[PDB]
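One structure below.
There are 2 protein chains.
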Amino acid sequence: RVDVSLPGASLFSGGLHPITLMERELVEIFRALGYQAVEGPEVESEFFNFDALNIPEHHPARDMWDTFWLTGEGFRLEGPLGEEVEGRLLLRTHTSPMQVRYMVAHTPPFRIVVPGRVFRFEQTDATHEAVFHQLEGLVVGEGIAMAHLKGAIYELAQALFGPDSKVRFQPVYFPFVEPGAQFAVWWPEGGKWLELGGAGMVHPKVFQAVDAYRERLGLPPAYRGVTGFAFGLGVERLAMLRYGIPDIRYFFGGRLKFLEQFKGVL
Amino acid sequence: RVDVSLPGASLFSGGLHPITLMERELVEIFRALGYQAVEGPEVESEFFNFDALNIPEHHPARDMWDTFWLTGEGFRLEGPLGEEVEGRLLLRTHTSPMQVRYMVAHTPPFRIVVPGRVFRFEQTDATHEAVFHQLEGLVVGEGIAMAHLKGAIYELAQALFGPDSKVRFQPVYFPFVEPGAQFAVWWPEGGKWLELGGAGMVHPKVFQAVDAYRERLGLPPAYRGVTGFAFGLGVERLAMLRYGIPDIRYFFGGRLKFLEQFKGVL
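Those protein sequence lines, which keep their order, are chains A and A'. A prime marks a further copy of an entry chain.
According to the deposited numbering, the stretch in the first sequence is residues 85 to 350, in order.
According to the deposited numbering, the stretch in the second sequence is residues 85 to 350, in order.
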């Protein structure tokens with residue numbers, strides 16, 4: 085005979101990382117609203133991470149970002165046009181610089197969503213990491229308004245949580261956005277308000293910064309008569325609610341017994 | 085020693101079928117405009133394939149569709165609501181029925197794109213099949229207009245052919261659409277006008293047909309005060325231009341030496 089239940093040639097089954105799944109659903113969701121996804125460098129200049137986003141030196145707004153400062157000689161940190169950029173080096177504290185980046189290299193109107201690994205000098209506990217992921221949004225063009233920001237988030241929420249879901253917007257402060265705002269989503273099987281991310285209408289001084297950088301690069305102004313809305317949305321938090329993960333520290337851990345648990349998901 | 089160029093354990097490399105690639109790029113393209121993809125049955129009723137699309141019996145418009153008629157006893161052909169449907173059975177001559185299908189089961193506004201295998205009694209040569217694939221579009225809702233149909237196609241063309249591309253619209257006749265139209269795209273590296281598919285503003289008698297079927301099913305009217313645009317776009321043709329395939333007969337052929345040639349593509 086040939087015992088037909090007898091285990092077969094055990095080949096390797098691959099899998100994706102929790103964050104990858106979550107990042108994916110995220111971009112998939114936004115690309116159906118016409119957002120295209122681009123990435124940026126993890127090692128950034130202070131000019132892109134801070135100055136171009138209206139976060140100035142010795143300003144009390146920089147305390148929202150506990151920053152890793154890097155040193156090192158002979159390291160080409162390439163700018164939006166591949167030009168060699170100078171400036172005091174650091175690790176991205178948010179993906180936000182990518183939108184100054186992108187705006188210099190392209191022209192309105194556009195929709196983009198940018199994922200990335202981001203860094204903060206913070207104490208690794210169970211609901212906090214020193215290294216985690218953000219997903220940015222930027223929609224710039226003539227006529228764009230805050231109604232469209234709300235619309236986007238409303239759309240995000242509908243897709244991540246179903247019809248029984250609703251979104252909440254509250255004023256809050258970011259230097260690179262005014263009117264600024266924090267947004268929360270209502271998740272039915274939890275009866276809970278999720279603080280998801282921050283957002284707003286991209287700040288006049290940001291547009292100014294990019295058009296200025298443009299000139300230095302010899303490019304034409306492109307952001308004098310357009311408006312925009314950006315948002316920043318933290319991904320681990322969201323992945324935790326979705327896959328039911330009790331501890332953020334797991335993501336960076338390497339535990340196969342952990343990773344393997346996600347082979348199924350789609 | 086250990087000769088390190090010496091071929092390694094030869095494992096199996098998989099691949100996708102030319103049509104699958106083309107179907108995919110297609111849906112990917114349209115899902116970024118907010119179209120969602122649904123499918124329909126390959127075995128259809130005359131009511132869905134013809135009557136509900138304003139293609140009546142012994143009408144000279146049915147000659148655009150050389151049809152396979154099926155016979156057979158004890159075969160549940162399930163309708164939009166899973167209800168057992170009756171009617172003279174055939175093979176889909178186009179994917180178009182799917183939009184009557186969908187409209188009965190859902191309510192406006194929506195964007196859908198429907199791929200499918202479709203059949204025609206025709207002589208298998210090099211630029212013709214008896215079995216090939218179509219990709220349908222349907223965008224229905226308040227305010228929808230022909231400008232939006234053109235916009236869609238313009239968008240399709242931009243993405244399949246680059247900026248140097250342009251689209252051409254000419255009046256043409258379909259019973260399920262008026263104003264009706266054929267559309268062609270301009271493909272630069274070919275200096276050629278591609279006749280891609282047909283389209284138009286979904287016909288008043290179609291909306292009427294679905295709302296009528298709805299009543300029979302006990303559902304409420306949903307298409308009295310909405311407009312719509314559909315399009316039908318043949319996929320093999322497009323795949324042939326893209327992957328450079330000289331002969332449609334290859335798609336249904338099974339030649340590994342042929343299929344294997346497409347493992348790379350993305």
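Just so you know, even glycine gets a beta-carbon here, dropped at the ideal spot from N, CA and C.
Residues of the region 104-132 of chain A' whose Cβ lies closer than 9 Å to any Cβ of chain A, in chain order:
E112, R115, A116, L117, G118, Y119, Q120
Assigned secondary structure, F315(A) (DSSP; H/G/I helix, E/B strand, else coil):
strand
Within 8 Å, do at least three Cβ pairs link the region 322-332 of chain A to the region 182-196 of chain A?
no
Best match in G171(A'), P288(A'), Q266(A'), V251(A') for proximity to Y257(A') [C-alpha to C-alpha]
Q266(A')
Relative to the C-alpha of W277(A'), which residue among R321(A'), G158(A'), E107(A') is closest?
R321(A')
By the 10 Å Cβ neighbour count, where 16 or more other Cβ atoms means buried, how is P181(A') classified, buried or exposed?
buried
What is the rounded straight-line gap between the Cα of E226(A') and the Cα of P272(A)?
30 Å
For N138(A') and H287(A'), which I take to be in contact (beta-carbon distance under 8 Å), what is that distance rounded to the nearest angstrom?
5 Å
Neighbourhood of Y119(A) by C-beta distance below 8 Å, restricted to the same chain and skipping five residues each side
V111, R195, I196, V197, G221, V223
Start-to-end residues for the beta strand (DSSP E) that takes in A283(A'):
276-286
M106(A') to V319(A'), Cα distance in whole Å?
7 Å
For my contact list, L317(A) and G281(A) are in at a C-beta cut-off of 8 Å; report their separation, rounded to the angstrom.
3 Å
Counting only runs of 4+ residues fully inside the region 98-182 of chain A, write out the alpha helix (DSSP H) ranges in chain order.
102-115, 130-133
What number of angstroms, rounded off, separates the C-alpha of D209(A) from the C-alpha of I332(A)?
8 Å
Check whether the region 127-147 of chain A' touches the region 171-180 of chain A', counting contact only when three or more Cβ pairs, one atom from each stretch, lie closer than 8 Å.
yes
Does DSSP put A268(A') in a helix, in a strand, or in coil?
strand
I need the DSSP call for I228(A'), collapsed to helix, strand or coil.
coil
Between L173(A), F291(A), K250(A), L343(A), which lies nearest to residue 32(A) when the distance is taken from Cα to Cα?
In the structure as shown, chain A starts at 85 and stops at 350, and residue 32(A) therefore has no counterpart that could be examined.
Unbroken alpha helix (DSSP H) run spanning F342(A), endpoints:
340-343
Alpha carbon to alpha carbon, what distance is there between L117(A') and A236(A')?
8 Å
Got a sec? Which residues, its chain only, sit under 7 Å from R201(A) by beta carbon, not counting five neighbours each side?
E126, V215, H217
By a C-beta neighbour count over all protein chains shown, 10 Å radius and 16 as the cutoff for buried, is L165(A') buried or exposed?
exposed
Mark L244(A') as exposed unless 16 or more other C-beta atoms lie within 10 angstroms of its C-beta, in which case mark it buried.
buried
Straight-line CA distance for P305(A) to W270(A')?
32 Å
Look at the alpha carbon of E162(A') and the alpha carbon of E123(A'), and state the distance between them as a whole number of angstroms.
13 Å
Which residue from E170(A'), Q183(A'), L154(A') puts its Cα closest to that of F203(A')?
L154(A')
For the candidate residues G264(A), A268(A), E167(A), whose alpha-carbon lies nearest to that of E239(A)?
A268(A)
How about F313(A') and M230(A'): are their beta carbons less than 8 Å apart?
yes
Within the region 290-335 of chain A', ranges of the alpha helix (DSSP H) (whole runs, at least 4 residues)
319-327
For my contact list, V294(A) and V184(A) are in at a C-beta cut-off of 8 Å; report their separation, rounded to the angstrom.
5 Å
Is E279(A') near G99(A'), with beta carbons less than 8 Å apart?
no
Have a look at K289(A), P263(A), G302(A), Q292(A) and flag the residue whose alpha-carbon is nearest the alpha-carbon of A283(A).
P263(A)
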